[PDB]
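In what follows, chains carry the letters A, B, and so on, assigned in the order in which the sequence lines appear, proteins first and then strands, with residues in each chain numbered from 1.
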Amino acid sequence: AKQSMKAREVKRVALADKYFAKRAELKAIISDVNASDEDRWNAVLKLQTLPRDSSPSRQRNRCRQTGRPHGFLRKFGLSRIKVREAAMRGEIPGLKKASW
Amino acid sequence: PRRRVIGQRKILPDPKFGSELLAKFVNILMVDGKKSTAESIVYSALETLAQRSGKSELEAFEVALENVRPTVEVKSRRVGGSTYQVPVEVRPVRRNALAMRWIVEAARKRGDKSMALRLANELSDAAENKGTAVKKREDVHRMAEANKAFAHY
Amino acid sequence: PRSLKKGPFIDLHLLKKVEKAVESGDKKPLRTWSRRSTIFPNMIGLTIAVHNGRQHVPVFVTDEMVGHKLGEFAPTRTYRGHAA
Amino acid sequence: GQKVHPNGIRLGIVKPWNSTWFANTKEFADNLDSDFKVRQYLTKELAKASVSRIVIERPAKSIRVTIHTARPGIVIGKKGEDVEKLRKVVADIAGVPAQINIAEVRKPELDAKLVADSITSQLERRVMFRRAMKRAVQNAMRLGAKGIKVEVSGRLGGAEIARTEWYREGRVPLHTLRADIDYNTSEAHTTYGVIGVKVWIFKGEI
RNA sequence: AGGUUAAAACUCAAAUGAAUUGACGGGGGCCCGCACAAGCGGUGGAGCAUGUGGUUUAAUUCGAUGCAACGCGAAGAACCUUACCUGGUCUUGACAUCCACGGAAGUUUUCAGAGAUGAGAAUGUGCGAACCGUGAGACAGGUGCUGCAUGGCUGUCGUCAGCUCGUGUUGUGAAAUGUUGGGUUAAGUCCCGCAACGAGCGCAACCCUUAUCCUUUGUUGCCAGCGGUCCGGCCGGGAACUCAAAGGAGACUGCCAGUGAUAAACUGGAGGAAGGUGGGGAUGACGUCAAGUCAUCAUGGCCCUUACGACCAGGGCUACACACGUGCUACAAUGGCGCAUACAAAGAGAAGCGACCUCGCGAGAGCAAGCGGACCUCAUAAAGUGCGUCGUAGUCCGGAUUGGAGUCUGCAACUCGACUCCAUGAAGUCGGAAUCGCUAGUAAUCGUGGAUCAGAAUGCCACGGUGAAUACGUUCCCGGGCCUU
Ligand SMILES: [K+]
Ligand SMILES: [K+]
Ligand SMILES: [K+]
Ligand SMILES: [K+]
Ligand SMILES: [K+]
Ligand SMILES: [K+]
Ligand SMILES: [K+]
Ligand SMILES: [K+]
Ligand SMILES: [K+]
Ligand SMILES: [K+]
Ligand SMILES: [K+]
Ligand SMILES: [K+]
Ligand SMILES: [K+]
Ligand SMILES: [Mg+2]
Ligand SMILES: [Mg+2]
Ligand SMILES: [Mg+2]
Ligand SMILES: [Mg+2]
Ligand SMILES: [Mg+2]
Ligand SMILES: [Mg+2]
Ligand SMILES: [Mg+2]
Ligand SMILES: [Mg+2]
Ligand SMILES: [Mg+2]
Ligand SMILES: [Mg+2]
Ligand SMILES: [Mg+2]
Ligand SMILES: [Mg+2]
Ligand SMILES: [Mg+2]
Ligand SMILES: [Mg+2]
Ligand SMILES: [Mg+2]
Ligand SMILES: [Mg+2]
Ligand SMILES: [Mg+2]
Ligand SMILES: [Mg+2]
Ligand SMILES: [Mg+2]
Ligand SMILES: [Mg+2]
Ligand SMILES: [Mg+2]
Ligand SMILES: [Mg+2]
Ligand SMILES: [Mg+2]
Ligand SMILES: [Mg+2]
Ligand SMILES: [Mg+2]
Ligand SMILES: [Mg+2]
Ligand SMILES: [Mg+2]
Ligand SMILES: [Mg+2]
Ligand SMILES: [Mg+2]
Ligand SMILES: [Mg+2]
Ligand SMILES: [Mg+2]
Ligand SMILES: [Mg+2]
Ligand SMILES: [Mg+2]
Ligand SMILES: [Mg+2]
């Protein structure tokens, strides 16, 4: 991946933590069944004001060694290509070629 | 196959009657591996056939087979020039396999209500040399008749 | 569609734009990129110019446009038929 | 066609892993990324120390790195000075207390990673590729290998049309699983592009 | 009819002989493979999903594109992703290093703007060097070009039985022999012969799994004999059994008979859970297609540098006269619908899986246990079976399309989400030429799980249930192996 595209994910990860608690209580109000009808309205309008990059749904898992946005595997944090290279070098504990 | 390494597989006899002959007929009738659904269809048709005649379920079934079993068939044979449909003797086992397959195929083509009734009407006509299956056995014997000259290829 | 327990959505920057112009006689077209905003029962009258990707197209908000989003009135793709 | 990786196919049979810790899903990905940065640093810092294999363990809230090498005095330095300089960078990277152990690679002519790196350094110095591969093969056969194979691919001698060449002596039975086959690769960055080197070294069935 | 004698201009850099290695033959011989044949079920027709060609478009991003591209890279495009378009913006810079100078970093709010950003306004100032801002110029940056400059990785012939070397010998030589021959094998497998004698890479074996048994261990798993019991392994206990997972045992043509060249081997029998490679997987020789990938990454060269780099909002990748590929659901009675009622395996879970209870027709909601798990949750298996009904009809088949009303995830479902309810009830009644898969727990059929993932499978990967037909044979079609011409 391009350098710029890699730096876009570190920003989105930082902004998702700085506004983490401030985002959760706003949705507590909006999802609150027995709140009122105008603070709900205010909480809805206030959630749109936070930067978009603060929502965790804006993040895209990337290969931690190349930046590849496809073929990701969460257990290793790597794309399918780098998982294979490390597995054959014996750099992933317990991981071997399977056969049953 | 080229190597001829194909033996034989054992087939369990049918529950109600303990006839391996009848158990194969359930297999030919079965679709999608739903064997119990085929066992019921055969048993119902066999009882309608048992009360439509005086014989037991088996003896009425054999009489149906005897009128559908082909004795001689034609197989192609490409030799130096062209291909002739050579009449060949049908081996005893293939006689039963063809008879059952034609019965099940004929009954599936009818227009009665259930398949148990369709199979019953085919097994009954087969006792009287009527309907399809029996006619299919006639068309095969005719073809093998018109090619008797080629009985050495 | 959007859950009823959340109320229709409206982009806050547009909600200020209609407020500052309903109280006044501003009949100038409102230029917005907010195709996701539900049309509310408060701007039946003036013309919002909605973005379609490459320009702003004016829609004259009437009553029967209430409940629809703005984008439903600004088609994004240009089609005229094949070999027509 | 394509061949299976000789190391990977033997990882539970006769070959050991290069990382030997345990973790749940919660930190498995973070341990892999810190092992990567550690090896990335050790390999660059110790480029002239004949580093064959970097084994990483994680006993409990600590990391233990074992550097296999043929020039341990170069790794360690005077009275353990240099090996201490790394024990700090590794702890910085891993974020846990660090401990470095130095293993001895005797007979570097029988280690696939060192042999591959030897040929590769020679190619970057514009040594004739044919001379490098023959020397490597003769050395290992003299020190007692049961077999060795060396393969070199790319624009050999700066030729416009790339090709692959390989030599072999003795036995290299890649289909025998219980065969001790040390295998590694290396890359040379010449003025005409990348040349890849692969080295198989057979040491006897187990 | 023509024969015989017999030129030149012009033109080419060869034409030719014998032999050698291949490849090829509508040449010969001998073999193999779901290659035919024998069978069973599909595709091509319909609706829909999905990919591609084309056309369209501001853009419909790029790549793959006979077999060996076309549910392919993509294990999951609303924003993001995103590489494309339109407009709004930046220039040592979103990402590094170096230096200068300014400042702790951070928190808390106001306006303008779609946002990027700009202008502010508060609070902290702790512990140089953290961390910010600015200023210079070396530089950074490029998913820009070349896979016909490359590394690495992959497809493919093909899991086909082949491919070679040393020394020796033969030939002026290319080369040959070995490696051919007689048998045999799944096998260049093995034996015998032999100007060859040996060796390597392949075959086989070593690895994983499945089928039988033993030993150890006995909870969260187990219940034979006991003892109680609210009949729930529920409790006391029990270590037998099922099972869990460690270590062992077991199959070797070993045994017997015949056959055979006193051989290799083959045919059959015994014992045994298993018999001749037991079943399945992993494992891919020398090489071939300048095959695929400069967009995973790396990299030679080339190119751009106030832009081909960087930031943002909206749009696009979801277009639609059409053509193709791969799928899903059907056309019904071996079925549809209603009620009742059995029997699985494998797996996942902490910003997660989420019981109970209550509310809702329902998707879901509220409340809230338990579980980092043989314990808790996902989580009722469905087909099946019993009883009823429908009675061959475009139907009580089919469920496309459309209207209305909702739920949930998410800043946000207009473009462009999945699911629910009510209504609507399309084509389709078994599919032209043609064409595909499969030899046994297979095909067919029935459900279940997982990766990716906020949400978003008819795809992919995996798991069990039920469970066939047929193989006389090798003339023909396709691909391949060996000898010969
Ligand atoms: K001449
Ligand atoms: K189709
Ligand atoms: K390549
Ligand atoms: K000669
Ligand atoms: K020779
Ligand atoms: K390049
Ligand atoms: K879009
Ligand atoms: K599909
Ligand atoms: K209907
Ligand atoms: K949408
Ligand atoms: K069809
Ligand atoms: K999902
Ligand atoms: K030939
Ligand atoms: Mg890069
Ligand atoms: Mg996402
Ligand atoms: Mg004359
Ligand atoms: Mg056929
Ligand atoms: Mg079709
Ligand atoms: Mg395309
Ligand atoms: Mg292309
Ligand atoms: Mg191809
Ligand atoms: Mg596929
Ligand atoms: Mg987008
Ligand atoms: Mg621009
Ligand atoms: Mg190529
Ligand atoms: Mg000579
Ligand atoms: Mg050969
Ligand atoms: Mg030869
Ligand atoms: Mg021979
Ligand atoms: Mg051999
Ligand atoms: Mg010989
Ligand atoms: Mg093998
Ligand atoms: Mg008792
Ligand atoms: Mg036997
Ligand atoms: Mg392979
Ligand atoms: Mg090419
Ligand atoms: Mg290409
Ligand atoms: Mg490209
Ligand atoms: Mg954007
Ligand atoms: Mg697409
Ligand atoms: Mg219906
Ligand atoms: Mg899941
Ligand atoms: Mg019609
Ligand atoms: Mg009908
Ligand atoms: Mg087969
Ligand atoms: Mg299924
Ligand atoms: Mg052979």
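Taking the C1' atom of each, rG133(E) and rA100(E) are spaced 13 Å apart, rounded to whole Å. Nucleotides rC201(E) and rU159(E), compared at atom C1', are 16 Å apart to the nearest Å. The separation of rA295(E) from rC145(E), taken at their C1' atoms, amounts to 13 Å, rounded to a whole angstrom. Nucleotides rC463(E) and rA381(E) have their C1' atoms positioned 12 Å apart, rounded to a whole Å.
Nearest nucleotide to the side chain of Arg101(B), out of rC40(E), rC32(E), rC312(E): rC40(E). Proximity note for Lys34(B) (side chain, C-beta onward) versus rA186(E), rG335(E), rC286(E): the nearest is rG335(E). Side-chain proximity of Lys82(A) to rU296(E), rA38(E), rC414(E): nearest is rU296(E).
Between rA245(E) and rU216(E) there is a base pair of the Watson-Crick or G-U wobble kind, both donor-acceptor distances falling below 3.5 Å. Between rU458(E) and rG106(E) there is no base pair of the Watson-Crick or G-U wobble kind with both donor-acceptor distances below 3.5 Å.
With 3.5 Å as the limit, one finds no donor-acceptor pair spanning the side chains of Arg89(A) and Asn7(D).
A pairwise comparison of heavy atoms in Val59(C) and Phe73(C) identifies CG2-CB, 4.1 Å as the closest pair.
In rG372(E) the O4'-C1'-N dihedral to the base is within 90° of 0, which defines a syn nucleotide.
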